[PDB]
Each structure stands twice: as C-alpha cells, then as structure tokens.
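Input: a single structure, listed below in structure tokens.
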Amino acid sequence: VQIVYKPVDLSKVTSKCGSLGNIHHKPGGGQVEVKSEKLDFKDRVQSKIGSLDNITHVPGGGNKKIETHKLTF
Amino acid sequence: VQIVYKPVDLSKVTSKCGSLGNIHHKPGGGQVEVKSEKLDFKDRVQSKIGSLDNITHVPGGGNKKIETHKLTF
Amino acid sequence: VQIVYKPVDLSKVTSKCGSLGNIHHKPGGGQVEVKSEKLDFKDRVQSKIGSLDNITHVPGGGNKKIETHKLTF
Amino acid sequence: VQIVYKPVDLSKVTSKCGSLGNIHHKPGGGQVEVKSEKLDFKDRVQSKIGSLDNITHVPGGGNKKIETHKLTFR
Amino acid sequence: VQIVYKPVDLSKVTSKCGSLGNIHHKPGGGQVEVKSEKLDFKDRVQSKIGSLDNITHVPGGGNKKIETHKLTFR
Amino acid sequence: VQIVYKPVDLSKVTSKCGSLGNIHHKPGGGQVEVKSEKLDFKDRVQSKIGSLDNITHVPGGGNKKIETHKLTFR
Amino acid sequence: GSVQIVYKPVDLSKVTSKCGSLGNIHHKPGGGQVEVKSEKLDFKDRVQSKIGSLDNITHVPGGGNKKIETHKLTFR
Amino acid sequence: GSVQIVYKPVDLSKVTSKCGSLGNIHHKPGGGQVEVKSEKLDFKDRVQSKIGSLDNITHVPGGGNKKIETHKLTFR
Amino acid sequence: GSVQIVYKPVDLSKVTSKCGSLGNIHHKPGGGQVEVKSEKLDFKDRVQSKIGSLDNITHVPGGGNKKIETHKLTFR
C-alpha cells in the first residue's frame, strides 16, 4: 500500500483595477472665461471652472484564495 | 494498491476593472465663455464650465476562487 | 506502507489598484479667468478654478490566502 | 614628311545660377497690422508676418570641360 | 621627318552660383504691428515678425577641366 | 628627325560661389512693434522679431584641373 | 493766352436785434440717467465719438447773431 | 502767357444787438447719473472721443454775436 | 510768362453789443455722478480723449462777441 499526494498549484489570482496604464498627453486649455458682477453659491454647491480632475475610488478590487487539503488513512 | 493523487492547476483568475490602457491625446480646448451679471446657485447644484474630468469608481471588480482536495482511504 | 504528502504551491495573489503606471504629459494651461465684482460662497461650497487634481482612494484592494493542511493515519 | 599639330581653344564655358543681378527697390514699404485674440492652436504653427525672405539654393550649376589631343605617328 | 606639336588652350571655365551682384535698396521700410492676447499653443511654433532674411546654399557650383596630350612616335 | 612639343595652357578654371558683390542699402529701416500678453506655449518655439539675417553655406564650390603631357619616342 | 481774374465781392449787409428784456427763464429738467455697455471699442481713422454723455445747456445770448462768409478762388 | 489775379473782397458789414436786460435765469437740472462699462479701448489715427461725460452749462453773454470770415486763394 | 497776384481784402466791419444789465443768474445743478469702467487702453496717432468727466460751467461775459478772420494764399 502507498499513497502519493502532490497537488501542484501554479495559479495566479489578481485584481487590476482603478486607473491603470493610461496616457493623458497635453490635456486641457484653450480659454475658459467666467464673467459676472455677482457669483453667489449658497448650499452644497460644487463648481469646476477650467480645472482638470483625475479621481479614482476602489472600494472593491479585493482577492480571496482558499484551499483545504485533507488526507485520511 | 497504489494511489497517485496528482492534480495540477496552471489556471489564472483575473479582474480588469475601471479605466485601463486608454489614450487621451490633446483633450479639451476651444473657447468656453459664461458671461452674466448674476450667477446664483442655491441647493445641491453641480456646475462644470470648460473643465475636464476623469472619474472612476470600482465598488466591484473583486475576485474569489475556493477549492477542496480531500482524499479518504 | 508509506504516505508521501508534498503539495507544491508556486501561486501568487495580487492587488494592483488605485492609480498605477499612468502618464500625465504636460497637463493644464491655456487661460482661465473668473471676473466678478462680488464672489459669495457660504455653505458646503466646493470651488475649483484652473487647478489640476489627482486624487485616489483605495478602501478595498485587500488579500486573503488560507490553506488548512491535515494528514491523519 | 612634315606634321603641324596646332589646335586652338578660345572658348568660354560658363555657368550662372541662383539670384544674379536683381534690383529690389524699397520692397515691404507697406503697413501690416495683426490683432489676434483668444486662440487655441492644437498642432504645429508656422507664421510669417510682414517679413521679407530671399532664399537661393543651388545644388546644380556644375561645369565640366574634357578633351583629348592624342597624336600617333607610324 | 619634322613634327610640331603646338596645341593652345586660352579658355575660361567658370561657375557663378548663389546670390551675386544684387542690389537691395531700403527693403523693409514699412510698419509692422502684432497685438496678440490670450493664446494657447500645444505644439511647435515657428514665427518671423518684420524680420528680413537672406539665405544662400550652394551645395553645387563645382568645376572640372581634364585634358590629355599624349604623342606617340613610331 | 626633329620633334617640337610646345603645348600652351593659359586657361583659367574659376569658382564664385555664395553671396558675392551684393549691395544692401539701409535694410530694415522700418518700425516693428509686438504687444503680446497672456500666452501659453506647451512646446518648442522659434521666434525672430525685427531681426536681420544673412546666411551663406557653400558645401560645394570645389574646383579641379587634371592634365597629362606624356611623349613616347620609339 | 492772357488770363485775367478780378474777384471783387462787396458787402454792406447788417444783422440786427432789438430786445426789451430776456428773463424769468427756468431750465429745470428732472434727473437724467444713462447706462451703456459694449465689450470692445476699436477706432481706426478720423472717428469722432460721443458715448453715454449727459448734457444740460442754458444758452441765453443778448444778441446771438451769426454772420458767416466763405470766399474761395482756386486756379490751375 | 500772362496770368493776373486781383482778389479784392470788400466788407462794411455790421452785427448789432441791443438788449434791455438779461436776468432772473435759473439753471436747476436734477442730479444726472452716468454709467459706462467696457473691457478694451483701442484708438489709432485722428480719433476724438468723449465717454461718459456729464455737463451742466449756463452761458449768458451780453452780446454773444459771431462774425466768421474765411478768405482763400490757391494757385498752381 | 508773368504771374501777378494782388491780394487786397478790405474790412471795415463792426460787431456791437449793448446790454442794459446782467444779473440774478442761478446755476444750481443737482449732484452729478459718473462711473466709467474698463480694463485696457491704447492710443497712437493724433488721438484726443475725455473719459468720465463731470463739468459745471457758468459763463457770463459782458461782451462775448467773436470776430474770426482766416486768410490763406497758396502758390506752386
């Protein structure tokens, strides 16, 4: 009687996520012109004038690997 | 009696989520103009004037693989 | 009677997430102009004028690896 | 037996190439006004405003004279 | 037997290449005004404003004379 | 037997290349004004304003004279 | 041939006013209000301009008579 | 040939005013208000400009009479 | 040939004002207000300008009479 138990694992488990490997080449500009006599912002206002913005959230992207190996004679 | 438990795993489990490998070449430009006497924003207002915005959310993109190798003789 | 138990594991578990390997080549510029006589921002106001922004949040991206190995005669 | 080998060359072989003998009198005596505002150029720009330009390239104009005066007696 | 080998070359072989003998009299006597504002350029800019420019290239203009006078007797 | 070998070469092989004998009289006597404001350049700029420029390149203009006068007797 | 010009205008004219009185004159306009907007002005050659002006004038000459004479002779 | 010009205008003219009185004159305009807005002004050749001017004038000459004479001879 | 010009304008003209009295003149304009607004100016050749001027003038000459004479002779 003999038992040979040799599972081989060469796997990869991966998460590539968010903003990866992108090229942003000479973005933006021209002219942006806001003109008034009053600007009035007064509850939960968000304003973007001529800005460039890059924003990334990754709440996810997590990995799990679980293995249970058992040998009972 | 000979038992040769030899499973082999070369698999790959991958996740690719969000903005990956993109090219943004000379984005934007021209002339943007907002001319007034009064600008009035007063409740949960979101305003974008001539701005460039890149925004990525990845709440998902998660990866999980589970395995069991029990041998009972 | 003999038992050979030699599981081989060369696997890898990875999380590449957030802002990785991106190229931002000469962003911004042009002319941004914001002219008034009165500017009035007064409750939870967020204002971006001609600014460049890169912002990354990674609440996720975590890994878990578990192996429970058991041999019983 | 008498031989008088006496050729004569009085020729002129001449080359005249490019901008030769021109008279330019008061060129560009005018008035030039450019009044541009609020422009975006997204690619290569070449501009000439009120400029005077004279270019001469002469890759040619080459000159060659070849001659042989061989005399063989007997 | 008498031989008189008496050839003559009085030639002129000449090259006149490029900008030769020109008169430029008061060029660019004018008025040039450029009044640009609020511009964006994203790639290469070449500009000449009111400039006067004279360029001569002569990669050519080369000159050759070759000649052979061999006399073989008997 | 009498042999007279008296060739005569008074020729001239000449090269006149580039900017020669030109007259420039009061060039650029004008008025140039540039009143730029608020410019953005994101790449290479070359600019000439009211400048006078004279350039002469002569990679050529070369001259060669080759000759042989061999007399062979018997 | 011979050219002869005699230019000999003669003038004995009189411009005349008699007045017994000027008075009790009341220039009392209400308050004028003027508002003007234009972004850019660009004036090339011989432009003469009034923009947004407000004028009150009270002109009360005792005479105010005008005599205007123009005499031109042009020869070539 | 011979060119002869006699330019001999003659003038005995009189501009005359009698007035018995000027007075009791009341220039009382209400308060004027002017507003003008622009960005860029550019003036080149022979430009004459008035922008946003406010004028109150009270002109009361005892005479105020005008005689204007222009005499021109041009020859070529 | 001979060119002869006799330029001989003659003038005996008289400008005359009699006024019995000047008086009791009241220039009482209300408060003027002016606001001109701009960002850039350019001026080059023969430009003349007034911007945002406020003027009150009271002119009360006993005469105020004007006699104006222009004489031009031009030869080529």
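Labeling convention for the structure tokens: chains A, B, ... as they appear, residues from 1 per chain, ligands from 1 in order of appearance.
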With chain C as the partner and 9 Å as the cut-off, tabulate the residues of chain B that qualify, each row holding the nearest pair of atoms and their distance in Å to one decimal, using only C-alpha atoms, sorted by chain and rising number, as JSON lines.
```
{"residue": "B:6", "atom": "CA", "partner": "C:7", "partner_atom": "CA", "distance": 8.9}
{"residue": "B:10", "atom": "CA", "partner": "C:11", "partner_atom": "CA", "distance": 8.9}
{"residue": "B:21", "atom": "CA", "partner": "C:22", "partner_atom": "CA", "distance": 8.5}
{"residue": "B:29", "atom": "CA", "partner": "C:30", "partner_atom": "CA", "distance": 8.1}
{"residue": "B:37", "atom": "CA", "partner": "C:36", "partner_atom": "CA", "distance": 8.4}
{"residue": "B:51", "atom": "CA", "partner": "C:50", "partner_atom": "CA", "distance": 8.1}
{"residue": "B:59", "atom": "CA", "partner": "C:60", "partner_atom": "CA", "distance": 8.3}
{"residue": "B:62", "atom": "CA", "partner": "C:61", "partner_atom": "CA", "distance": 8.3}
```
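Any residue of chain E with an atom within 8 Å of chain C counts; using only C-alpha atoms, that gives residues 38, 39 and 40 of chain E.
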If you run DSSP over the backbone, which residues in chain D end up strand (DSSP E or B)? Put them as a VMD selection string.
chain D and resid 2 to 5 8 to 9 12 to 20 23 to 25 31 to 34 37 to 41 45 to 49 52 to 57 63 to 68 71 to 73
Can you build me a table of chain F residues sitting at most 12 Å from segment 15-37 of chain D, with the closest atom pair per residue and its distance in Å to one decimal, using only C-alpha atoms, sorted by chain and residue number, as CSV?
```
residue,atom,partner,partner_atom,distance
F:13,CA,D:15,CA,11.8
F:14,CA,D:15,CA,10.6
F:15,CA,D:15,CA,9.6
F:16,CA,D:16,CA,9.6
F:17,CA,D:17,CA,9.6
F:18,CA,D:18,CA,9.6
F:19,CA,D:19,CA,9.6
F:20,CA,D:20,CA,9.7
F:21,CA,D:21,CA,9.5
F:22,CA,D:21,CA,8.6
F:23,CA,D:23,CA,9.6
F:24,CA,D:24,CA,9.7
F:25,CA,D:25,CA,9.7
F:26,CA,D:26,CA,9.7
F:27,CA,D:26,CA,8.9
F:28,CA,D:28,CA,9.5
F:29,CA,D:29,CA,9.6
F:30,CA,D:29,CA,7.9
F:31,CA,D:31,CA,9.5
F:32,CA,D:32,CA,9.6
F:33,CA,D:33,CA,9.6
F:34,CA,D:34,CA,9.6
F:35,CA,D:35,CA,9.6
F:36,CA,D:36,CA,9.7
F:37,CA,D:37,CA,9.6
F:38,CA,D:37,CA,10.0
F:39,CA,D:37,CA,10.1
```
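Atom CA of residue 52 of chain H to atom CA of residue 60 of chain I spans 26.5 Å [interatomic distance, one decimal].
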List the spatial neighbours of residue 35 of chain G as a PyMOL selection string - criterion: any atom at most 7 Å away, only C-alpha atoms, same-chain residues fewer than 4 positions off excluded.
(chain G and resi 52) or (chain H and resi 34-36)
Chain A least-squares fitted onto chain B over all paired Cα atoms, as a CSV table (one decimal) with N, CA, C and O atoms, in the first residue's frame:
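The resulting file, out_18.csv, is shown below:
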```csv
chain,number,residue,atom,x,y,z
A,1,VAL,N,-1.8,-2.3,-4.0
A,1,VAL,CA,-2.7,-1.1,-4.0
A,1,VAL,C,-1.8,0.2,-4.0
A,1,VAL,O,-1.0,0.3,-3.1
A,2,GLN,N,-2.1,1.1,-4.9
A,2,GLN,CA,-1.5,2.5,-4.8
A,2,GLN,C,-2.5,3.5,-5.3
A,2,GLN,O,-3.2,3.3,-6.3
A,3,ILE,N,-2.4,4.7,-4.7
A,3,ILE,CA,-3.2,5.9,-5.2
A,3,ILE,C,-2.1,7.0,-5.5
A,3,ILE,O,-1.3,7.3,-4.6
A,4,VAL,N,-2.2,7.5,-6.7
A,4,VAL,CA,-1.4,8.7,-7.0
A,4,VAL,C,-2.4,9.9,-7.2
A,4,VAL,O,-3.2,9.8,-8.2
A,5,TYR,N,-2.3,10.9,-6.4
A,5,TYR,CA,-3.2,12.1,-6.4
A,5,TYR,C,-2.4,13.3,-6.7
A,5,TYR,O,-1.7,13.8,-5.8
A,6,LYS,N,-2.4,13.8,-8.0
A,6,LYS,CA,-1.6,15.0,-8.4
A,6,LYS,C,-2.4,15.9,-9.3
A,6,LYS,O,-2.0,16.0,-10.5
A,7,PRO,N,-3.5,16.5,-8.8
A,7,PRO,CA,-4.1,17.6,-9.5
A,7,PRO,C,-3.1,18.7,-9.9
A,7,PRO,O,-2.3,19.1,-9.0
A,8,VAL,N,-3.1,19.2,-11.1
A,8,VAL,CA,-2.3,20.3,-11.5
A,8,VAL,C,-3.2,21.5,-11.9
A,8,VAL,O,-4.1,21.4,-12.7
A,9,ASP,N,-2.9,22.6,-11.2
A,9,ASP,CA,-3.6,23.8,-11.5
A,9,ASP,C,-2.6,24.9,-12.0
A,9,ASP,O,-1.8,25.3,-11.2
A,10,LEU,N,-2.8,25.3,-13.3
A,10,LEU,CA,-2.0,26.4,-13.8
A,10,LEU,C,-3.0,27.6,-14.2
A,10,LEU,O,-2.6,28.4,-15.1
A,11,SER,N,-4.2,27.6,-13.6
A,11,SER,CA,-5.2,28.6,-14.0
A,11,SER,C,-4.7,30.1,-13.7
A,11,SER,O,-3.9,30.3,-12.9
A,12,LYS,N,-5.4,31.0,-14.4
A,12,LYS,CA,-5.4,32.4,-13.8
A,12,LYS,C,-6.8,32.9,-13.8
A,12,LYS,O,-7.7,32.8,-14.7
A,13,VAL,N,-7.2,33.6,-12.6
A,13,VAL,CA,-8.5,34.2,-12.4
A,13,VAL,C,-8.3,35.7,-12.1
A,13,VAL,O,-7.6,36.1,-11.2
A,14,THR,N,-8.8,36.5,-13.0
A,14,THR,CA,-8.4,37.9,-13.0
A,14,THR,C,-9.6,38.9,-13.2
A,14,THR,O,-10.6,38.6,-13.8
A,15,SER,N,-9.4,40.1,-12.8
A,15,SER,CA,-10.3,41.2,-12.9
A,15,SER,C,-9.6,42.5,-13.4
A,15,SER,O,-8.8,43.0,-12.5
A,16,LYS,N,-9.7,42.8,-14.6
A,16,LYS,CA,-9.2,44.1,-15.2
A,16,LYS,C,-10.4,45.0,-15.3
A,16,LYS,O,-11.2,44.9,-16.1
A,17,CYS,N,-10.5,46.0,-14.4
A,17,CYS,CA,-11.7,46.9,-14.5
A,17,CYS,C,-11.5,48.3,-14.0
A,17,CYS,O,-10.7,48.6,-13.2
A,18,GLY,N,-12.3,49.3,-14.5
A,18,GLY,CA,-12.2,50.7,-14.3
A,18,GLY,C,-11.8,51.4,-15.7
A,18,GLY,O,-12.4,51.1,-16.7
A,19,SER,N,-10.8,52.2,-15.6
A,19,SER,CA,-10.2,52.8,-16.8
A,19,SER,C,-8.8,52.3,-17.1
A,19,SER,O,-7.9,52.6,-16.3
A,20,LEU,N,-8.6,51.5,-18.1
A,20,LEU,CA,-7.3,50.8,-18.3
A,20,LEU,C,-6.8,51.0,-19.7
A,20,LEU,O,-7.5,50.7,-20.7
A,21,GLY,N,-5.5,51.4,-19.9
A,21,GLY,CA,-4.8,51.4,-21.1
A,21,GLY,C,-5.3,52.5,-22.2
A,21,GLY,O,-4.9,52.4,-23.3
A,22,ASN,N,-6.2,53.4,-21.8
A,22,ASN,CA,-6.8,54.4,-22.7
A,22,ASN,C,-5.7,55.5,-23.0
A,22,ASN,O,-4.9,55.8,-22.3
A,23,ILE,N,-5.9,56.1,-24.2
A,23,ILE,CA,-5.1,57.2,-24.6
A,23,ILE,C,-6.0,58.4,-24.8
A,23,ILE,O,-6.9,58.4,-25.6
A,24,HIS,N,-5.7,59.5,-24.0
A,24,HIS,CA,-6.4,60.8,-24.2
A,24,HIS,C,-5.4,61.8,-24.7
A,24,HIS,O,-4.6,62.3,-24.0
A,25,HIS,N,-5.4,62.1,-26.0
A,25,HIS,CA,-4.4,62.8,-26.7
A,25,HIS,C,-4.9,64.2,-27.1
A,25,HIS,O,-5.9,64.3,-27.8
A,26,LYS,N,-4.3,65.3,-26.6
A,26,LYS,CA,-4.6,66.7,-26.7
A,26,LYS,C,-6.1,67.0,-26.4
A,26,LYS,O,-6.7,67.8,-27.2
A,27,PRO,N,-6.8,66.5,-25.4
A,27,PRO,CA,-8.2,66.8,-25.2
A,27,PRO,C,-8.5,68.3,-24.7
A,27,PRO,O,-7.7,68.8,-23.9
A,28,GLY,N,-9.6,68.8,-25.1
A,28,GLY,CA,-10.2,70.0,-24.5
A,28,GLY,C,-10.1,71.2,-25.3
A,28,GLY,O,-9.8,71.2,-26.5
A,29,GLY,N,-10.3,72.4,-24.7
A,29,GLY,CA,-10.1,73.7,-25.2
A,29,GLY,C,-11.0,74.1,-26.3
A,29,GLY,O,-12.2,73.9,-26.2
A,30,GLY,N,-10.5,74.8,-27.3
A,30,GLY,CA,-11.3,75.8,-28.0
A,30,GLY,C,-11.5,77.0,-27.1
A,30,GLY,O,-10.6,77.4,-26.3
A,31,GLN,N,-12.7,77.6,-27.0
A,31,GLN,CA,-13.1,78.7,-26.1
A,31,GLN,C,-14.4,78.3,-25.4
A,31,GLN,O,-15.3,77.9,-26.0
A,32,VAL,N,-14.4,78.6,-24.1
A,32,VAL,CA,-15.7,78.5,-23.3
A,32,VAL,C,-15.9,79.8,-22.6
A,32,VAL,O,-15.0,80.3,-21.9
A,33,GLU,N,-17.0,80.4,-22.7
A,33,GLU,CA,-17.3,81.7,-22.2
A,33,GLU,C,-18.7,81.8,-21.6
A,33,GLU,O,-19.7,81.8,-22.3
A,34,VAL,N,-18.8,81.9,-20.3
A,34,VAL,CA,-20.0,82.1,-19.5
A,34,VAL,C,-20.0,83.6,-19.1
A,34,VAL,O,-19.1,84.0,-18.4
A,35,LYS,N,-21.1,84.4,-19.5
A,35,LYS,CA,-21.1,85.8,-19.2
A,35,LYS,C,-22.5,86.1,-18.7
A,35,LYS,O,-23.5,85.7,-19.2
A,36,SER,N,-22.6,86.9,-17.6
A,36,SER,CA,-23.9,87.2,-16.9
A,36,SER,C,-23.7,88.6,-16.2
A,36,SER,O,-22.7,89.3,-16.3
A,37,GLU,N,-24.7,89.0,-15.4
A,37,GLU,CA,-24.6,90.0,-14.3
A,37,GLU,C,-24.7,89.3,-13.0
A,37,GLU,O,-24.1,89.7,-12.0
A,38,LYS,N,-25.5,88.3,-12.9
A,38,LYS,CA,-25.7,87.4,-11.7
A,38,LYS,C,-25.5,85.9,-12.1
A,38,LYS,O,-26.2,85.5,-13.0
A,39,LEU,N,-24.7,85.2,-11.3
A,39,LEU,CA,-24.8,83.7,-11.3
A,39,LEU,C,-25.2,83.4,-9.9
A,39,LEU,O,-24.6,83.8,-8.9
A,40,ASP,N,-26.2,82.5,-9.7
A,40,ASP,CA,-26.9,82.3,-8.4
A,40,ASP,C,-27.2,80.8,-8.3
A,40,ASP,O,-28.1,80.3,-9.0
A,41,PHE,N,-26.4,80.0,-7.5
A,41,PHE,CA,-26.5,78.6,-7.3
A,41,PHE,C,-26.9,78.3,-5.9
A,41,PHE,O,-26.0,78.6,-5.0
A,42,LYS,N,-28.0,77.7,-5.5
A,42,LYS,CA,-28.5,77.7,-4.1
A,42,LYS,C,-29.1,76.5,-3.5
A,42,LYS,O,-29.7,76.6,-2.4
A,43,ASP,N,-29.1,75.3,-4.1
A,43,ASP,CA,-29.3,74.0,-3.4
A,43,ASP,C,-28.8,72.8,-4.2
A,43,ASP,O,-29.4,72.6,-5.3
A,44,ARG,N,-27.8,72.1,-3.8
A,44,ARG,CA,-27.3,70.8,-4.4
A,44,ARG,C,-27.0,71.0,-5.9
A,44,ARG,O,-27.1,70.1,-6.7
A,45,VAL,N,-26.5,72.2,-6.3
A,45,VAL,CA,-26.1,72.6,-7.6
A,45,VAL,C,-24.8,72.0,-7.9
A,45,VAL,O,-23.8,72.2,-7.2
A,46,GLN,N,-24.6,71.3,-9.0
A,46,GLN,CA,-23.3,70.9,-9.6
A,46,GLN,C,-23.1,71.7,-10.9
A,46,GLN,O,-23.9,71.6,-11.8
A,47,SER,N,-22.0,72.4,-11.0
A,47,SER,CA,-21.7,73.2,-12.2
A,47,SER,C,-20.3,72.8,-12.7
A,47,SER,O,-19.3,72.8,-12.0
A,48,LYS,N,-20.1,72.5,-14.0
A,48,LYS,CA,-18.9,72.3,-14.7
A,48,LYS,C,-18.8,73.3,-15.9
A,48,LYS,O,-19.6,73.2,-16.8
A,49,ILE,N,-17.8,74.2,-15.9
A,49,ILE,CA,-17.6,75.1,-17.0
A,49,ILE,C,-16.2,74.9,-17.5
A,49,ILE,O,-15.3,75.2,-16.9
A,50,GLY,N,-16.1,74.4,-18.8
A,50,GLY,CA,-14.8,74.2,-19.5
A,50,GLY,C,-13.8,73.3,-18.8
A,50,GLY,O,-12.7,73.1,-19.3
A,51,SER,N,-14.2,72.6,-17.7
A,51,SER,CA,-13.3,71.6,-17.0
A,51,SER,C,-13.2,70.3,-17.8
A,51,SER,O,-14.1,69.9,-18.5
A,52,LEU,N,-12.1,69.6,-17.6
A,52,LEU,CA,-11.9,68.2,-18.1
A,52,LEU,C,-11.9,67.4,-16.8
A,52,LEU,O,-11.3,67.6,-15.8
A,53,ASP,N,-12.7,66.3,-16.9
A,53,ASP,CA,-12.9,65.4,-15.7
A,53,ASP,C,-12.7,63.9,-16.1
A,53,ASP,O,-13.3,63.5,-17.1
A,54,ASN,N,-11.9,63.2,-15.4
A,54,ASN,CA,-11.8,61.7,-15.5
A,54,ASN,C,-12.1,61.1,-14.1
A,54,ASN,O,-11.3,61.3,-13.2
A,55,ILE,N,-13.1,60.3,-14.0
A,55,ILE,CA,-13.5,59.8,-12.7
A,55,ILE,C,-13.9,58.3,-12.8
A,55,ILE,O,-14.6,57.9,-13.7
A,56,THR,N,-13.4,57.5,-11.8
A,56,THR,CA,-13.6,56.0,-11.9
A,56,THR,C,-14.0,55.5,-10.5
A,56,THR,O,-13.2,55.7,-9.5
A,57,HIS,N,-15.0,54.8,-10.4
A,57,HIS,CA,-15.4,54.0,-9.2
A,57,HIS,C,-15.4,52.5,-9.5
A,57,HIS,O,-16.0,52.1,-10.4
A,58,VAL,N,-14.7,51.8,-8.7
A,58,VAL,CA,-14.8,50.3,-8.8
A,58,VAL,C,-15.2,49.7,-7.4
A,58,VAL,O,-14.4,49.3,-6.6
A,59,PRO,N,-16.5,49.7,-7.1
A,59,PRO,CA,-17.0,48.9,-5.9
A,59,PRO,C,-16.9,47.4,-6.1
A,59,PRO,O,-16.9,46.7,-5.1
A,60,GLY,N,-16.9,47.0,-7.3
A,60,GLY,CA,-16.8,45.5,-7.7
A,60,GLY,C,-15.4,45.1,-8.0
A,60,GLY,O,-14.4,45.4,-7.3
A,61,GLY,N,-15.2,44.3,-9.1
A,61,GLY,CA,-13.9,43.9,-9.5
A,61,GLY,C,-13.1,42.9,-8.6
A,61,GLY,O,-12.0,42.6,-8.9
A,62,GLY,N,-13.7,42.4,-7.5
A,62,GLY,CA,-13.1,41.4,-6.6
A,62,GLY,C,-13.1,40.0,-7.2
A,62,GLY,O,-14.0,39.6,-8.0
A,63,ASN,N,-12.1,39.2,-6.8
A,63,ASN,CA,-12.0,37.8,-7.2
A,63,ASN,C,-12.1,36.8,-6.0
A,63,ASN,O,-11.6,37.0,-4.9
A,64,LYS,N,-12.7,35.6,-6.2
A,64,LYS,CA,-12.7,34.5,-5.3
A,64,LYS,C,-12.2,33.2,-6.0
A,64,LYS,O,-12.8,32.8,-7.0
A,65,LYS,N,-11.2,32.5,-5.5
A,65,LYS,CA,-10.8,31.2,-5.9
A,65,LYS,C,-10.9,30.3,-4.7
A,65,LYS,O,-10.2,30.5,-3.7
A,66,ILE,N,-11.7,29.2,-4.7
A,66,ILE,CA,-11.8,28.2,-3.6
A,66,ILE,C,-11.6,26.8,-4.2
A,66,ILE,O,-12.2,26.5,-5.2
A,67,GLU,N,-10.8,26.0,-3.6
A,67,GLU,CA,-10.6,24.6,-3.9
A,67,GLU,C,-10.6,23.8,-2.7
A,67,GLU,O,-10.0,24.1,-1.6
A,68,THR,N,-11.4,22.6,-2.7
A,68,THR,CA,-11.3,21.7,-1.6
A,68,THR,C,-10.8,20.3,-2.2
A,68,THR,O,-11.5,19.7,-3.0
A,69,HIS,N,-9.7,19.9,-1.7
A,69,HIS,CA,-9.0,18.6,-2.1
A,69,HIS,C,-9.1,17.6,-1.0
A,69,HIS,O,-8.6,17.9,0.1
A,70,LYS,N,-9.7,16.4,-1.2
A,70,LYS,CA,-9.8,15.4,-0.2
A,70,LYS,C,-9.5,14.0,-0.7
A,70,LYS,O,-9.8,13.7,-1.8
A,71,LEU,N,-8.8,13.2,0.1
A,71,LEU,CA,-8.4,11.8,-0.2
A,71,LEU,C,-8.7,11.0,1.0
A,71,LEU,O,-8.0,11.1,2.0
A,72,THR,N,-9.6,10.1,1.0
A,72,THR,CA,-10.0,9.2,2.1
A,72,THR,C,-9.8,7.7,1.7
A,72,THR,O,-10.4,7.3,0.8
A,73,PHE,N,-9.0,7.0,2.5
A,73,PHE,CA,-8.7,5.6,2.2
A,73,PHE,C,-9.8,4.6,2.8
A,73,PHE,O,-10.0,4.6,4.0
```
Residues of chain I that approach chain G to 8 Å or less, counting only C-alpha atoms: could you list each one with the shortest pair of atoms and its distance in Å to one decimal, rows by chain and increasing residue number, as a Markdown table?
```
| residue | atom | partner | partner_atom | distance |
| --- | --- | --- | --- | --- |
| I:17 | CA | G:63 | CA | 7.0 |
| I:19 | CA | G:62 | CA | 6.9 |
| I:30 | CA | G:31 | CA | 7.9 |
```
Could you save the residues just selected, with N, CA and C atoms, as a PDB file, in the first residue's frame?
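Printed below is result_30.pdb as written:
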```pdb
ATOM      1  N   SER I  17     -22.427 145.136 -29.189  1.00  0.00           N
ATOM      2  CA  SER I  17     -23.462 144.716 -28.239  1.00  0.00           C
ATOM      3  C   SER I  17     -23.672 145.702 -27.106  1.00  0.00           C
ATOM      4  N   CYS I  19     -26.027 145.883 -23.679  1.00  0.00           N
ATOM      5  CA  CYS I  19     -26.937 145.223 -22.753  1.00  0.00           C
ATOM      6  C   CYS I  19     -27.154 146.099 -21.514  1.00  0.00           C
ATOM      7  N   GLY I  30     -28.150 119.786  -9.620  1.00  0.00           N
ATOM      8  CA  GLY I  30     -28.077 118.707  -8.640  1.00  0.00           C
ATOM      9  C   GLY I  30     -26.777 117.912  -8.726  1.00  0.00           C
TER      10      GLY I  30
END
```
Two-atom distance - atom CA of residue 48 of chain F, atom CA of residue 59 of chain D (Å)
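Separating atom CA of residue 48 of chain F from atom CA of residue 59 of chain D is a distance of 27.1 Å.
Our summary of the geometry notes that atom CA of residue 2 of chain E is positioned 15.0 Å from atom CA of residue 71 of chain F.
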Just the residues within 9 Å of residue 54 of chain D, please, counting only C-alpha atoms, with nothing from its chain fewer than 6 positions along; format it as a PDB file with N, CA and C atoms, in the first residue's frame.
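For reference, part07.pdb as written:
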```
ATOM      1  N   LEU E  52      13.909  90.522 -41.760  1.00  0.00           N
ATOM      2  CA  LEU E  52      14.471  90.403 -43.099  1.00  0.00           C
ATOM      3  C   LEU E  52      15.497  89.284 -43.118  1.00  0.00           C
ATOM      4  N   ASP E  53      15.396  88.382 -44.076  1.00  0.00           N
ATOM      5  CA  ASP E  53      16.212  87.176 -44.098  1.00  0.00           C
ATOM      6  C   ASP E  53      16.717  86.890 -45.521  1.00  0.00           C
ATOM      7  N   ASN E  54      18.021  86.692 -45.681  1.00  0.00           N
ATOM      8  CA  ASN E  54      18.666  86.310 -46.933  1.00  0.00           C
ATOM      9  C   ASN E  54      19.459  85.029 -46.693  1.00  0.00           C
ATOM     10  N   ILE E  55      19.185  83.980 -47.459  1.00  0.00           N
ATOM     11  CA  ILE E  55      19.843  82.682 -47.311  1.00  0.00           C
ATOM     12  C   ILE E  55      20.384  82.229 -48.659  1.00  0.00           C
ATOM     13  N   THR E  56      21.652  81.842 -48.713  1.00  0.00           N
ATOM     14  CA  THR E  56      22.245  81.189 -49.875  1.00  0.00           C
ATOM     15  C   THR E  56      22.823  79.844 -49.465  1.00  0.00           C
TER      16      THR E  56
END
```
So that I can see what lies close to residue 62 of chain D, please list as a list in words the residues with an atom at most 6 Å from it, counting only C-alpha atoms and leaving out residues fewer than 4 positions away in the same chain.
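Close residues of residue 62 of chain D: residues 60, 61, 62 and 63 of chain E.
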Just to be explicit: take each residue in the selection above, keep C-alpha atoms, and write the result as a short mmCIF file (atom, residue, chain, number, x, y, z; two decimals), in the first residue's frame.
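This is the output file result.cif:
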```cif
data_model
loop_
_atom_site.label_atom_id
_atom_site.label_comp_id
_atom_site.auth_asym_id
_atom_site.auth_seq_id
_atom_site.Cartn_x
_atom_site.Cartn_y
_atom_site.Cartn_z
CA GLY E 60 26.73 72.64 -56.24
CA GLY E 61 28.71 75.21 -58.27
CA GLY E 62 31.61 72.72 -58.74
CA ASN E 63 34.01 73.00 -61.71
#
```
